[PDB]
2 protein chains.
Amino acid sequence: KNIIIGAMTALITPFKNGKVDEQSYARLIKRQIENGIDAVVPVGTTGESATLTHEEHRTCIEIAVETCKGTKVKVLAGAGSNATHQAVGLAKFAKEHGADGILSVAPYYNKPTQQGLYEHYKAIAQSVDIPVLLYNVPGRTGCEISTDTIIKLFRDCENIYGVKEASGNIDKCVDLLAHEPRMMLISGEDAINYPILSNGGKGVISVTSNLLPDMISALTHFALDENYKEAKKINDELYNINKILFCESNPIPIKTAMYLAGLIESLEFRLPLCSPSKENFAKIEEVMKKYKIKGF
Amino acid sequence: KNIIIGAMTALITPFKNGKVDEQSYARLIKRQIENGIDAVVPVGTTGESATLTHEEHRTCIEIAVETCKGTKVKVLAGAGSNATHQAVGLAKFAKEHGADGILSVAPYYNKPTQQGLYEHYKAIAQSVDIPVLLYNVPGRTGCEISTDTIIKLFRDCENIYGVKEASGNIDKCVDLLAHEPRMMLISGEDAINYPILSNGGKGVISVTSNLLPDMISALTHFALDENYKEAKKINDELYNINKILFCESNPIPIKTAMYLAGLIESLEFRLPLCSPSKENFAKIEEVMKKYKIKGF
Ligand SMILES: [Mg+2]
Ligand SMILES: [Mg+2]
């Protein structure tokens, strides 16, 4: 199977006067590339996919593809939906614009059954010839892709090569790799990057790497090199920032941190996302003090 | 405040050879009208909003509006989104196509904060001059509209007149009406229609009423008249069907029941929704046998 693994960043989408700051977006991606990141994820959850237009999805994906040209960094495009017809179109769309693979979130809100999830992802995988990474995040979607369903999709569909897990369930991560060790388990929860990697996970799709790409990259590469002692020490050091970045719903804290670090111009979201409370703003600033934040 | 209350139906959307069966849709709404229902909700969750195109949304709302002309039955159009800009557009869209009000679900998947939810619904309510009913269903959205947020929205915005609760939380239903008795609490969970109404709830937005409109309507109107013994009797008798209609994710069981009753021609969903298991199909068939199902 063709795979996209390693240290990956769920890119924030900066806004300036209510529009995509395209120059900021490119600068942020180059900052990721220059700090050891192996792939970038445009217009995922951290990138506020929900509130971007289709045109803007296209724009952010094209900017990611363009900025990654001439480097080894791949573009794993966010392209998923709770409507299978739309998911299929978004996958073809992402491939069409130069993405190396797609990250496809489990249908949110309409709670499909396991059978429906299987047919959903089979249609997506059959629509393109590039790698497809499942994304399970039940706290957001209201549904869970079961281990059996993930393993069936991995075995039955050639493009599906693994899953990004954001489920706080290391038991399931054991379940997945004990029964299907060939799949690529990808950490979608920064605080437990190391436990997932030390169990045979092969990458992270990170929120924290927006702010601290060098640290997340080093952690992932240490672990992939089976230097678990060094990977754990970064994971432990990152715990405080990893947790405070979810004091409010992601990406509210990470954008707050990027703004506080001077990495993005304005602390702008699209409704229904908004600035944090005064209190959480201060907590984020407080936690950041112990970390060294690379500039441009 | 202008309100839309009473016995209301979350309309299923019948498909025929992959497209909306427009004839069937109008026929189903006429059947609701003729069995005492006070309002219909086109293109909600039960109507598979997520997998309908914009054009199909227009179409279903127009059929509902047209079918309810010359009757007292109101159209509370499904018009919500997890992007505030889009939810505002859908609200204006529904009003301009003749809807009497809108049902607007809490943003799913991106989990806005309470502050963000307030700004979200404030923007929606300020964009139209027709009643707006909030819809709280945390099992599907991953977020909760808190009692304080609901009450603030009710007090600050003219059009917001209450909330449809699908939260299994009668404590919250007490909290809401004890602190703000002027709001319209609407049951969004058929099994507990009577407890919500007996605490001062003023209507239901029902799944079961698709199949048994006369019984749900009678239950509601008994309760609104404080004939609680008669309303409780129907609620108790309805428990078995109210529960089996969620053996799989709504609207999979209700569409199955409508098909088994001969009320729709095809057991068709749009992916990622799909037919129920063989076993769940049979269980739905058994439970329906206790109930007397009105024809056309
Ligand atoms: Mg009317
Ligand atoms: Mg009376």
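Just the heavy atoms: all of them, side chains too, but no hydrogens, waters or symmetry mates, feed the values below. Here is the naming used below: chain letters follow the sequence lines, and residue numbers restart at 1 for every chain.
The number of heavy-atom neighbours closer than 6.0 Å to CD of B/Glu265, taken from other residues, nucleotides and ligands shown, is 12 or below.
Comparing B/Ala83, B/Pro138, B/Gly142 by how many heavy-atom pairs each has under 4.5 Å with chain A, the most go to B/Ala83. Listed options B/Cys274, B/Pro272, B/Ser249 were ranked by heavy-atom pairs under 4.5 angstrom with chain A; first place goes to B/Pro272. Note: B/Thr45 leads B/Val137, B/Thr45, B/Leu273 in heavy-atom pairs under 4.5 Å with chain A.
Near-neighbour residues of residues 102-113 of chain B relative to chain A, defined by a heavy atom under 4.5 Å from a heavy atom of that chain, comprise B/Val105, B/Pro107, B/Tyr108, B/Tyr109, B/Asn110, B/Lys111, B/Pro112, B/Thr113.
Classification of B/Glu22 and B/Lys16 as a salt-bridged pair fails, no side-chain N sitting under 4.0 Å from a carboxylate O.
Annotation: side chain of A/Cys60 is in contact with side chain of A/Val43 (closest heavy-atom distance under 4.5 Å).
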Please tabulate, for side-chain N and O atoms in residues 86-96 of chain A, each donor-acceptor pair with protein atoms closer than 3.5 Å (sequence neighbours left out).
| unit_1 | atom_1 | unit_2 | atom_2 | d |
| --- | --- | --- | --- | --- |
| A/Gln86 | NE2 | A/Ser81 | OG | 2.8 |
| A/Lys95 | NZ | A/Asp129 | OD1 | 2.6 |

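Remark: B/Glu56 pairs with B/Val20, B/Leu52, B/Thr53, B/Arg270 by the side chain to side chain contact (heavy atoms under 4.5 Å, CB included) rule, at least two apart or across chains. Here A/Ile192 pairs with A/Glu189, A/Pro195, A/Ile196 under the side chain to side chain contact (heavy atoms under 4.5 Å, CB included) rule; sequence neighbours left out.
Judged by distance alone, with hydrogens and angles left aside, the side-chain atoms of B/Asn193 form a donor-acceptor pair with the main-chain N or O of B/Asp190 at under 3.5 Å.
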